[PDB]
């Protein structure tokens, strides 16, 4: 159980007071768990950011619950960046993978595989080890992007069929 707080994920902006109206997620931003094996398996298109949980469907919407744009973290393409997770349960881990949207992605529907560059821009094989409660690691942000984009962080848990999914809105 955990989420990304750098770049801050939708579940965390719902918990932290930045976005109102998100429903159940606001009490448990750590809980966005779904099947592993993205993109071949894992949550269905349009339910990626909620990991398939109907109770967390606000996270999949292209807008925050009030219809305004999601808040974004400003980032610089091609620059190193600290990606950070906060965990409430530090499970043995297979890997962390980070994906970005493609130029021209559909910003007006729920995020889907067709919006994403499905080769991760940053991968951390983790060898079955247990992360610290706050894990910070450096990766290089993708180049060639401008404007609103989504970074999808996927944490795959060792000796399970599960992964945690965290969509973060960024501006390149």
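Numbering follows the first chain given and starts at 1.
Just going by the entry, 20-28 versus 152-160 on mean CA temperature factor gives the higher value to 20-28. As listed in the deposited structure, the average C-alpha B-factor of 115-123 and of 38-46 is greater for 38-46. Remark: residue 107 belongs to the middle third of its chain, ranked by C-alpha B-factor as recorded. When the modelled residues of the chain are ordered by C-alpha B-factor, residue 94 sits in the lowest third. In the PDB entry, residue 57 places in the highest third of its chain by CA B-factor. In the deposited entry, the Cα temperature factor of residue 82 places it in the lowest third of its chain's modelled residues. When the modelled residues of the chain are ordered by C-alpha B-factor, residue 101 sits in the lowest third.
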